[PDB]
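Below sits a lone chain in structure tokens, taken as the form deposited without (chloromethyl)benzene (9CL).
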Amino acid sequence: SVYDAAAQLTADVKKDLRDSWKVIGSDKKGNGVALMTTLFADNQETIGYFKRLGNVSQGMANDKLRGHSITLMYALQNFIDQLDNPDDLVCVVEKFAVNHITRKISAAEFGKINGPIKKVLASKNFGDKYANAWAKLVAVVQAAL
């Protein structure tokens, strides 16, 4: 269950998430757009899913892309704030899962975000340990897909 995946995140994983989020979450516009543009660069097959945003190659200049990317960073803020209450984490993960289920995004496709997260973290010198912690949070969402 989602709860199981949630309930599993340990004190050390939560620490590494919070520590790296302090940095990555401090520039939501810049890091959110880098996350999205990295997804599109590395996984070109996903571009079609984002047709509402218009020409995503425009980066920061594309207002729809910038609004989406900032907002995505607040979904991660939300998850980070809920880490200590699995019950609250589960209900917000289930809400965002629905946003993706309705777009036909599978658990495997959702996991394509791990590559972009690892690259953004690495840009701030957070290494593999940090990328592994983030994959475990992503895995909570995958449990709902």
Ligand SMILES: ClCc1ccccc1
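All residue numbers refer to positions in the sequence shown, first residue = 1.
Not on display, but discussed next: the form solved in complex with (chloromethyl)benzene (9CL).
Decide open or blocked for this chain: (chloromethyl)benzene (9CL) is absent here, so superimpose its site C-alphas on those in the bound PDB entry and check whether 3 or more ligand atoms come within 2.4 Å of a backbone or C-beta atom.
Here the site is open.
Could you tell me if residue 76 has a non-hydrogen atom within 4.5 Å of (chloromethyl)benzene (9CL) in the bound PDB entry?
Judged by the heavy-atom cut-off of 4.5 Å, residue 76 is in contact with (chloromethyl)benzene (9CL) in the bound PDB entry.
In the bound PDB entry, does residue 35 come within 4.5 Å of (chloromethyl)benzene (9CL), counting heavy atoms only?
Residue 35 belongs to the contact set for (chloromethyl)benzene (9CL).
Going by a heavy atom distance of 4.5 Å, is residue 89 a contact of (chloromethyl)benzene (9CL) in the bound PDB entry?
Residue 89 lies outside the contact set for (chloromethyl)benzene (9CL).
Just to confirm, residue 117 within 4.5 Å of (chloromethyl)benzene (9CL) in the bound PDB entry by heavy atoms?
Residue 117: yes, in contact with (chloromethyl)benzene (9CL) in the bound PDB entry.
Interface residues of 1-35 toward (chloromethyl)benzene (9CL), as seen in the bound PDB entry [heavy atoms, 4.5 Å]
Result: 20, 21, 24, 31, 35.
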